[PDB]
Amino acid sequence: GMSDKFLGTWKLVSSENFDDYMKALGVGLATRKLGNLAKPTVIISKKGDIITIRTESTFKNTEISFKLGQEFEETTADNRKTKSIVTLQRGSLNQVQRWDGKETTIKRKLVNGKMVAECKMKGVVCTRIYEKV
Ligand SMILES: CCCCCCCCCCCCCCCC(=O)O
């Protein structure tokens, strides 16, 4: 299953190309401004085979709980209603969100003890690096 090394609290320390990623998702200017200033904490926890990813920031909090390989209904930080799934690939925790015929992926992987989230939409690639805190 998911490596226990994902478990804990993570703080954003670097974000590359988030503005263009949000644009690809259809997020408007005023929301993007606040999104670009946000430095969220991401808390990853488990209970049995249910994994929870909680995001906390001044602007927006989100939480998803899921079992690997089992599609679920998600409400994203920008209030998209998606059909989502999370699965593993070579230890990477990989999320797909699907709505209105569109799709975006968020792949979270451990790299030298840091958590790297690669967010892709329509050719746009955003990389967000987290320190464990
Ligand atoms: C909670 C931070 C984002 C706040 C701004 C809302 C605009 C839409 C953001 C959608 C993508 C959320 C980031 C997922 C990738 C990650 O966990 O680093």
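Counting begins at 1 with the first residue displayed.
The backbone N, Cα and C atoms fix where each Cβ goes, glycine too.
In Swiss-Prot this protein carries:
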type     : residues                       : note
BINDING  : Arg108, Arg128, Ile129, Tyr130 : hexadecanoate binding site
BINDING  : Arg108, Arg128, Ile129, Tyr130 : (9Z)-octadecenoate binding site
DISULFID : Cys119-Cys126                  : disulfide bond
MOD_RES  : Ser3                           : N-acetylserine
Distance, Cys119 (disulfide bond) to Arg108 (hexadecanoate binding site) (CA atoms, angstrom): 9
Greatest inter-residue Cα distance in Å for the (9Z)-octadecenoate-binding set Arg108, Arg128, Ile129, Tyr130: 10
Local Cβ density at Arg108 (hexadecanoate binding site) - other Cβ atoms counted within 10 Å: 22
Where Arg108 (hexadecanoate binding site) sits in the secondary structure, as DSSP reduces it to three classes: strand
Disulfide-bonded residues compared (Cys119, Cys126) - the one with the fewest other Cβ atoms within 10 Å: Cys126
Rounded inter-Cα distance in Å - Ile129 (hexadecanoate binding site), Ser3 (N-acetylserine): 18
Nonlocal residues around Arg128 (hexadecanoate binding site), in sequence order (Cβ under 8 Å, 6 or more apart): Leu12, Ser14, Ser15, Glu16, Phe18, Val116, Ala117, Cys119
Filtered recorded positions, from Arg108, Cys119, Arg128, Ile129, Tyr130, whose Cβ is under 6 Å from an atom of ligand 1: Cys119, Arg128
Nearest-integer angstrom distance between the alpha carbons (Cα) of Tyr130 (hexadecanoate binding site) and the residue listed as 'N-acetylserine': 16
Fewest-neighbour residue among recorded positions, criterion Cβ within 10 Å, set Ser3, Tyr130: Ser3
